[PDB]
2 protein chains.
Amino acid sequence: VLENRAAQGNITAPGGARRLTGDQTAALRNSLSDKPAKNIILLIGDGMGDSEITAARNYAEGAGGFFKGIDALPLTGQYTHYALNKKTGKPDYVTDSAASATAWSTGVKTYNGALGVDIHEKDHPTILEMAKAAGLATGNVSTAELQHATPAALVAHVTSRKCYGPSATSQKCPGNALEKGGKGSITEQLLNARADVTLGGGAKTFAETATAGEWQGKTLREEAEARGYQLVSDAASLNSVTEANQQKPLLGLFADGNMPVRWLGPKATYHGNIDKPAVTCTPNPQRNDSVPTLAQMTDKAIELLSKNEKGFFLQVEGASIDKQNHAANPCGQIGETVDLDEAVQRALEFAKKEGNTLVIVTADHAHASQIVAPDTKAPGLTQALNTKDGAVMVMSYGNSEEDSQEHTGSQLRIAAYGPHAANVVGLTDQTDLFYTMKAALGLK
Amino acid sequence: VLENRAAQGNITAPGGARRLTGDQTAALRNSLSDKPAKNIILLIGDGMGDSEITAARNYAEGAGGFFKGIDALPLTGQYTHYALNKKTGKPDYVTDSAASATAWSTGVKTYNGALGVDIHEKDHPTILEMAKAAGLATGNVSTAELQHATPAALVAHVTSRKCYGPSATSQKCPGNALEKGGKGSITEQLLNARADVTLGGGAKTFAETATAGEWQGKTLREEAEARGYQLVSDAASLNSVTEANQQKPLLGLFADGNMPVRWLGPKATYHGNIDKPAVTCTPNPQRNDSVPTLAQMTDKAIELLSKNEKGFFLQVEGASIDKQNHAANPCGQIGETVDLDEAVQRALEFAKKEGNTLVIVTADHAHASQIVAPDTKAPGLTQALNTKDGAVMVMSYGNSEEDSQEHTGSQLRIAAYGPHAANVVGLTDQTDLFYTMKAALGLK
Ligand SMILES: [Mg+2]
Ligand SMILES: [Mg+2]
Ligand SMILES: [Zn+2]
Ligand SMILES: [Zn+2]
Ligand SMILES: [Zn+2]
Ligand SMILES: [Zn+2]
C-alpha cells in the first residue's frame with residue numbers, strides 16, 4: 001500500500017524499474033476498513049481508461065514515473081460499464097456518458113442518452129439526492145457545462161441528455177417539460193436539487209426563461225438568484241466565498257460552455273507520426289487565469305463541504321479528457337488528465353488527514369486512444385509526442401472515419417482509498433459503485 | 001474476495017446488474033497472506049489486455065457473465081510493461097513478447113526481441129533456472145512453438161528471439177551460436193535447461209541437427225531422446241505419463257508450428273460490421289481430437305509437478321490470443337481466451353485445494369482489439385458478432401494498415417490468488433512480478 005510507485009532507480013538495471021518497495025500484504029491488510037465513511041469524494045475522469053492513464057503518465061511523468069494523485073490509491077479493480085438497448089433490454093456494449101453516469105448515481109442500468117431514468121423512463125433517486133436527504137452536504141464539480149451528462153446525472157431525471165434547458169426539453173423531453181407537468185429541464189432540475197456546492201461551466205443555458213411555474217418569465221439565472229443561490233464567475237469570487245449551505249447554496253458558472261483545456265497541441269492526423277514532427281504540448285493561451293482549475297474548485301468545495309457535521313458527498317469530473325479524445329487531440333487529452341490528477345491529490349490529502357473519507361477515482365467508460373510503436377503505419381489519426389523520458393511516444397485514434405473518435409467497451413480501472421475501499425477490488429460493475437457509496441455512508 | 005462475480009439478476013432492474021453480493025472487506029482481509037508459497041502457477045494470456053478479456057466475456061458469457069477462472073482472482077491491480085530502446089536505454093513504450101517475457105522472468109527491462117539478456121546483451125538467470133537450482137520442480141507449457149518468445153524467455157538467453165535452432169542462430173545470434181562458443185540456439189538451450197515438464201508445439205525446429213558438440217549431426221529431437229527426455233506427441237501418450245523429473249524429463253511436441261486454434265471465424269474486414277452480417281464462431285474442424293487443450297496440458301503438468309515435495313513453478317501460456325489479435329480474427333482470439341480460462345480454472349481448483357499455491361493471471365502487453373458501437377464506420381478492420389446475450393458486439397482493429405495488427409502500450413490487469421497475492425494490487429511494473437515470485441518461493 002505504498003504511496004510511491006515510481007521506478008526504484010536505473011530502469012536498465014536489475015530491479016531498477018520496480019515500483020514496489022517491499023511487501024504490500026501488511027500494508028494492505030492495514031488499509032482494509034469496513035467502518036463507515038463520513039465523507040465520499042468520487043473523482044471521475046471522463047473517458048479515462050487504462051490507456052489514457054498510461055499515455056498521460058508516459059508523457060507528463062515518464063514511463064517509470066507515477067501520478068501522485070491518480071496512481072496513489074492502494075485498492076484497485078476493474079469494472080464493467082455496458083449500457084442497455086432501450087427496446088430489447090439487451091446489453092449495448094459501448095455506453096455513452098449519460099447511461100454510465102446514471103449507473104453509479106442510481107445503481108440501475110439504462111440506455112444511452114438517459115439521465116436518471118431506467119429503460120422504462122421511470123425515475124430513480126441519485127446518490128446526491130439520498131445524501132442531501134440524510135443531512136449530508138453535497139457537491140458537484142466539473143469542467144464541462146453543468147448540463148452535461150456526468151454532473152447532470154446527479155440532479156436530473158430526463159429521457160434525453162439533450163434537454164439542457166426549457167426549449168430543448170419542450171421538444172425532446174416533452175414529458176419532462178415543465179409546462180407539461182414534468183419536473184423540468186436539466187438546468188431546472190439542477191436548481192431544484194439544490195446541492196450546497198455546484199461548480200462548472202454551462203452558463204449559457206441559464207439565460208433561458210422558464211415557461212411555467214413560479215419563475216416563469218424570469219431567466220434561469222434570475223431564478224437561481226431569487227432562490228438564494230450565490231453565483232460566482234471566476235477564481236477570485238470563488239475564493240471569496242466563505243459558506244455554502246441550504247441557505248446559501250453556491251453556484252459557479254465559469255464559462256458559457258465547457259471550461260477551456262489546459263494544454264494546446266495539434267490534432268492527430270493520418271500518417272502524422274510519419275509525416276509530422278513529434279510534438280511538445282504547451283499551455284492553452286485561450287484559457288484565462290481568472291478561470292479556476294479543477295483542483296481549485298475541488299479544494300474550495302472540500303473546504304465549504306467539510307464544515308457539515310453529518311459529512312459530505314462530492315463528485316468531481318475531469319470532463320475534457322473525453323472531449324479531447326473524441327477530437328483526436330493528444331495534448332488537450334493529456335493536459336486534462338494531469339489537471340485531474342491535481343484534483344485527486346487535493347482529495348487524497350484531505351482524505352489522509354481527515355481519516356474517515358472514502359476517495360474513488362475511475363472513469364465512466366473507455367475511449368479511442370492507443371499507445372502504438374513509433375513506426376506504426378496506422379489507418380487512423382496519429383501523432384508523435386516528446387515525452388518527459390526524452391523519448392517519442394505515438395498515440396493512435398483509429399476507430400472512426402468520422403471527425404469524432406468513439407468510446408470503447410473495455411473494462412477499466414477503478415481505484416479507491418479509505419473506509420469501504422475493498423469493495424472496489426476484483427471485477428465489479430459500475431452499478432456496484434452506487435451500492436458501495438450508499439453503504440459506506442450508511443445512506444440506506 | 002468472492003468467487004461469483006456475475007450480475008445478480010435482471011440487469012434492467014435496480015441492483016440486478018451488481019456483481020457483489022455483499023461487502024469484500026472481511027473476505028479480502030482473510031485472503032491476505034504473506035506466508036511462503038510452496039508452488040507458483042503463472043498463466044499468461046499473450047496480448048490479453050482488459051479489452052481482450054471484456055470482448056471474450058461479452059461473447060462467451062454475456063456482458064453480465066463472468067469467467068469462472070479468469071475473473072475469479074480476488075486480488076487485482078494494473079501493471080506496466082514498457083521495453084527499452086537498445087541504443088538510448090530510454091523507454092520504448094510498446095513492448096514485444098520477448099522483452100516483456102524477459103522482464104517478468106528475469107527482473108530486468110530489455111530491448112524488443114531480446115530473450116534473457118539486458119540491453120548490454122548480458123544474461124540474467126530466469127525464475128525457472130532459480131527454482132530448478134532450489135530443488136523445485138519446473139514446468140513450461142504453451143500453445144505456441146516452444147521456441148517462441150514467451151516459453152523461451154524462461155530457458156534461453158539469446159540476443160534475438162528469431163534464433164530458434166542451429167541455422168538461424170548462426171546468422172542472427174552468432175555470439176550464442178554453439179560453434180562460436182555460444183550456449184546455443186533457443187531449442188538447444190531449452191534442451192539444456194531441462195525443466196521437468198515442457199509442453200507445446202514447435203516440433204519443426206527439433207528436426208534440425210546440431211552443428212557442433214556431443215550431438216552434432218543428430219537432430220534436436222534425437223538429442224532430446226539421447227539426453228533421457230520422454231517424448232510425447234499427442235493426448236494419448238501425454239496422459240500415459242506417470243512421472244517426470246530430472247531423470248525422466250517430459251518433452252511434449254504437439255504441433256510442427258503453433259498448436260491449432262479452437263474456434264473458427266472469418267477475418268475482420270474494412271467496414272465488416274456494416275457490409276457483412278454478424279458472425280457466430282464455430283469449433284475448428286481441422287483441429288485433430290488428439291491434440292491436447294491448454295487445460296489438459298495444464299492439468300497433466302500440475303499432476304506430475306505436484307509430486308515434488310519442495311514445490312513447483314509452472315508457467316502456462318495461452319499464446320494464440322495474441323496471434324489472432326495480430327490476424328484480426330475475433331473468433332480465433334476469443335476462442336483462445338476461452339481456452340486459457342479453462343486452464344485457469346484447473347490452476348485455481350488446484351490452488352484452492354493445496355492452499356500454499358500462488359496463482360497469477362496476466363498478459364505480457366496490450367493489443368489492437370477494441371469493442372466499438374454496432375454502427376461504427378471505422379477506418380480499419382471490423383466485424384459484428386452474435387454474443388451469448390443474443391446481442392451484436394462489434395470488434396475493431398485500427399492500428400495498422402499492414403497485414404498484422406500491433407501491440408499497444410496501455411497498462412493492464414494482473415490478478416492473483418494465494419500467499420503473496422497482495423503484491424499484485426495497485427500499480428506495479430512487469431519486473432516486480434519477478435520479485436513477487438522469487439520472494440513468494442523464498443528463492444533468494
Ligand atoms: Mg462528462
Ligand atoms: Mg507468446
Ligand atoms: Zn463519458
Ligand atoms: Zn464521449
Ligand atoms: Zn506477447
Ligand atoms: Zn504479438
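What tally of residues in region A:75-92 results from selecting those that are surrounded by 24 or more Cβ atoms within 10 Å (Cβ to Cβ) and among the aromatic types (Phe, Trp, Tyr)?
Within region A:75-92, residues that are surrounded by 24 or more Cβ atoms within 10 Å (Cβ to Cβ) and among the aromatic types (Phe, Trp, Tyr) number 1.
Would you please name the residue that is surrounded by the most Cβ atoms within 10 Å (Cβ to Cβ), looking only at residues in region A:63-74 that are within 19 Å of the chain's Cα centre (by Cα) and more than 7 Å from chain B (Cβ to nearest Cβ)?
A:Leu73
Considering region A:3-16 alone, what residues qualify as being crowded, with 18+ Cβ neighbours inside 10 Å and either of a type in the set (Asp, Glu) or closer than 19 Å to A:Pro74 by Cα (or both)?
A:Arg5, A:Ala6, A:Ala7, A:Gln8
What are the residues in region B:29-40 that are closer than 27 Å to A:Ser31 by Cβ and crowded, with 24+ Cβ neighbours inside 10 Å, if any?
B:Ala37, B:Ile40
How many residues, within region B:359-382, are surrounded by fewer than 24 Cβ atoms within 10 Å (Cβ to Cβ) and touching a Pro at 6+ places or on another chain (Cβ under 8 Å)?
Counting residues in region B:359-382 that are surrounded by fewer than 24 Cβ atoms within 10 Å (Cβ to Cβ) and touching a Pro at 6+ places or on another chain (Cβ under 8 Å) gives 1.
Can you name every residue in region A:266-294 that is buried (at least 22 other Cβ atoms within 10 Å of the Cβ), hydrophobic (A, V, I, L, M, F, W, C) and under 18 Å from A:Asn140 (Cα atoms)?
Hit for region A:266-294 is A:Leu294, nothing else.
Can you pull out the residues in region A:235-265 that are surrounded by fewer than 16 Cβ atoms within 10 Å (Cβ to Cβ) and over 23 Å from A:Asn192 (Cβ atoms)?
Answer for region A:235-265, where residues must be surrounded by fewer than 16 Cβ atoms within 10 Å (Cβ to Cβ) and over 23 Å from A:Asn192 (Cβ atoms): A:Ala236, A:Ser237, A:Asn239, A:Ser240, A:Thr242.
Filter region A:304-336 down to the residues that are within 11 Å of A:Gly139 (Cα to Cα) and assigned to a helix (DSSP H, G or I), then identify the one that is farthest from ligand 2 (Cβ to nearest atom).
Residue satisfying both the conditions and the ranking: A:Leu304.
From the list A:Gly69, A:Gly45, which one is within 16 Å of ligand 4 (Cβ to nearest atom), under 25 Å from A:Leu340 (Cβ atoms) and small (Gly, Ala, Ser)?
Answer to the selection: A:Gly45.
Any residue in region A:216-235 that is without any contact (Cβ under 8 Å) to a residue 40 or more places away in the chain sitting within a Cβ distance under 7 Å of a residue that is in a loop (DSSP other than H, G, I, E, B) and β-branched (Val, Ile, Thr)? List the pairs, counting only those 6 or more apart or interchain.
What qualifies is A:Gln230/A:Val241; A:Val232/A:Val241.
When B:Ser97 is evaluated against the numbered criteria (1) under 17 Å from the mean Cα position of the chain (by Cα); (2) within 16 Å of ligand 6 (Cβ to nearest atom); (3) farther than 28 Å from B:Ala244 by Cβ; (4) among the hydroxyl-bearing types (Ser, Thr, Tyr), which criterion, by number, is the only one it fails?
Result: B:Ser97 passes all but (3).
Could you check region A:46-56 and list, in sequence order, the residues that are in a loop (DSSP other than H, G, I, E, B) and within 12 Å of another protein chain (Cβ to nearest Cβ)?
Of everything in region A:46-56, those that are in a loop (DSSP other than H, G, I, E, B) and within 12 Å of another protein chain (Cβ to nearest Cβ) turn out to be A:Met48, A:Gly49.
Yes/no matrix, rows are residues, columns are (1) surrounded by fewer than 24 Cβ atoms within 10 Å (Cβ to Cβ); (2) within 16 Å of ligand 4 (Cβ to nearest atom); (3) within 14 Å of another protein chain (Cβ to nearest Cβ):
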| residue | (1), (2), (3) |
| --- | --- |
| A:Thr106 | no, no, yes |
| A:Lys109 | no, no, yes |
| A:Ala114 | no, yes, yes |
| A:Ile119 | yes, no, yes |
| A:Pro125 | yes, no, yes |
| A:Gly135 | yes, no, no |
| A:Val141 | no, no, no |
| A:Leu154 | no, no, no |
| A:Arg161 | no, yes, no |
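Would you check if there is a residue in region B:179-201 being surrounded by fewer than 23 Cβ atoms within 10 Å (Cβ to Cβ), under 20 Å from the mean Cα position of the chain (by Cα) and more than 26 Å from B:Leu443 (Cβ to Cβ)?
no
Look at A:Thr95 and say whether it is crowded, with 24+ Cβ neighbours inside 10 Å, within 11 Å of chain B (Cβ to nearest Cβ) and either over 29 Å from A:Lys310 (Cα atoms) or within 16 Å of ligand 2 (Cβ to nearest atom) (or both).
Against the criterion (crowded, with 24+ Cβ neighbours inside 10 Å, within 11 Å of chain B (Cβ to nearest Cβ) and either over 29 Å from A:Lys310 (Cα atoms) or within 16 Å of ligand 2 (Cβ to nearest atom) (or both)), A:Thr95 qualifies.
For region B:1-13, which residues satisfy the criterion of being more than 18 Å from A:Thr88 (Cα to Cα) and either more than 7 Å from every other protein chain (Cβ to nearest Cβ) or of a type in the set (A, V, I, L, M) (or both)?
Selection gives B:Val1, B:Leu2, B:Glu3, B:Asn4, B:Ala6, B:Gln8.
Report, ordered by the first and then the second residue, all pairs with beta carbons closer than 9 Å, sequence separation of six or more or different chains, a first member in region A:263-289 that is closer than 20 Å to A:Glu336 by Cβ, and a second member that is assigned to a loop (DSSP other than H, G, I, E, B) and of a type in the set (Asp, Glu).
A:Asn288/A:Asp234
For region A:301-308, check the following and say yes or no: at least one residue is of a type in the set (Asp, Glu), within 29 Å of A:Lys132 (Cα to Cα), more than 16 Å from ligand 6 (Cβ to nearest atom) and under 14 Å from the mean Cα position of the chain (by Cα).
no
Report whether or not B:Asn423 is in a loop (DSSP other than H, G, I, E, B) and within 7 Å of chain A (Cβ to nearest Cβ).
When the stated conditions are applied, B:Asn423 does not pass them.
Mind listing whichever residues of region A:116-135 are touching an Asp or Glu at 6+ places or on another chain (Cβ under 9 Å) and not basic (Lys, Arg)?
Those that are touching an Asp or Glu at 6+ places or on another chain (Cβ under 9 Å) and not basic (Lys, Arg): A:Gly116, A:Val117, A:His124, A:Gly135.
When the residues of region A:356-410 are filtered to those that are closer than 18 Å to B:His81 by Cβ and of a type outside the set (A, V, I, L, M), which remaining residue is farthest from ligand 4 (Cβ to nearest atom)?
Here the residue is A:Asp389.
Is it the case, given these coordinates, that B:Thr209 is among the hydroxyl-bearing types (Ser, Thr, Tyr) and under 20 Å from B:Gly184 (Cα atoms)?
yes
Matching residues to (1) without any contact (Cβ under 8 Å) to a residue 24 or more places away in the chain; (2) surrounded by 24 or more Cβ atoms within 10 Å (Cβ to Cβ); (3) more than 7 Å from every other protein chain (Cβ to nearest Cβ):
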{"residue": "A:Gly390", "(1), (2), (3)": "yes, no, no"}
{"residue": "A:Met395", "(1), (2), (3)": "no, yes, yes"}
{"residue": "A:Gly398", "(1), (2), (3)": "no, yes, no"}
{"residue": "A:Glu402", "(1), (2), (3)": "yes, no, no"}
{"residue": "A:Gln411", "(1), (2), (3)": "no, yes, no"}
{"residue": "A:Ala416", "(1), (2), (3)": "no, yes, yes"}
{"residue": "A:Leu427", "(1), (2), (3)": "no, yes, no"}
{"residue": "A:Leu433", "(1), (2), (3)": "no, yes, yes"}
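Of the conditions (1) at the interface with chain A (Cβ under 7 Å from one of its Cβ atoms); (2) within 16 Å of ligand 5 (Cβ to nearest atom); (3) on the phi > 0 side of the Ramachandran plot, B:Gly89 fails just one. Which one is it?
For B:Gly89, the failing item is (2).
Based on this model, can you work out whether A:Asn356 counts as touching a residue at least 60 places away in the same chain (Cβ under 8 Å), away from chain B (no Cβ under 12 Å) and crowded, with 24+ Cβ neighbours inside 10 Å?
no
How many of the residues making up region B:14-45 are more than 7 Å from chain A (Cβ to nearest Cβ) and more than 20 Å from B:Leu358 (Cα to Cα)?
3
For region B:75-86: of the residues being at the interface with chain A (Cβ under 9 Å from one of its Cβ atoms) and assigned to a strand (DSSP E or B), which is farthest from B:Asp299 (Cα to Cα)?
B:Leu84
Every number here is computed from the coordinates shown, using simple stated rules; none is lab data. Heads up, the Cβs are rebuilt from the backbone with ideal geometry, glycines too, and the neighbour counts pull from every protein chain shown.
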